[PDB]
């Protein structure tokens, strides 16, 4: 029930379209502090066509969900990307903030993001088969040019489930990890499914003060939120990251197919870092492609 404080979270009831859980920083972020709490209808917060654009999604099944919806707060004119997913009877929105001079550029930032992702995919296919080393080298390189982080590493999970840094690129001056071997318990099991579930997963600042999520108290159970892109890490991984002077990361999951988590393609930064939803989504596609050629060379 914790989320990172670079965006905010709102869950709604699918039938009524009324807030049934909100993150602690939502009302400061989305209104002028007409208020926001349990109960709020969403027409009272955004402009009409953002509001009208959210309600259409209720109807779309999750084989027709198209993110991000670009929204504008009613009064402030403040613009966010809204990022939807569905857990049985309930909608859950991640809002992520848009700088104002990006609003005119949102279609062609989308297009460019995929354009780089697609090209890097071409460089992948044209590679001669046989070598896991040049493949995984190309993967981490392309991801480095694509994402700008301070370090990029692939991992590979052996049958014991422990991992070996099998590939690596960094900006000049940083200590290497290429080759090293760490224990299978360094990544807990329920974390491993979560990676499998949210194909891309992002931590903007491990020293962030995290924020709480408040649900309607007339619900007899607790609502599932670990799908949200604003999922807050465990405080244990946050200290591990700070000690090793990696403060941001972005993760990609390597699921082959007999379906298994093979590995992870990862970026680490030594200062804060935020990449917006159009990129993260491009990386979903690169990840699948990479999973397919990894499985090919196993054969």
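Residue numbers count along the first chain shown, from 1. If you superpose the two forms and keep the largest set of C-alpha atoms that fall within 1.5 Å, you have the rigid core.
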item	value
Core-aligned Cα RMS comparison in 5 other deposited structures of this protein - stretch that moves more, 238-246 or 23-31	238-246
Greater Cα displacement in 5 other deposited structures of this protein once the core is superposed, comparing 187-195 with 118-126	187-195
Residues of the deposited sequence that sit between residue 237 and residue 236 yet are not modelled	none
Count class of deposited residues lacking coordinates, residue 257 to residue 258	10 or more
Comparing 175-183 with 120-128, the one whose average Cα B-factor in the PDB entry is higher	120-128
Higher-scoring stretch by recorded Cα B factor average, 237-245 or 37-45	237-245
Highest recorded Cα temperature factor - choice among 79, 188, 89, 109	188
Options 69, 253, 232, 63 - largest CA temperature factor per the record	63
Residue 32, C-alpha B-factor rank within chain (lowest, middle or highest third)	highest
Cα B factor band for residue 3 (lowest, middle or highest third within the chain)	lowest
CA B-factor placement of residue 194, once the chain's modelled residues are sorted into thirds	highest
Residue 55 CA temperature factor, ranked by third within the chain	highest
Residue 288 CA temperature factor, ranked by third within the chain	middle
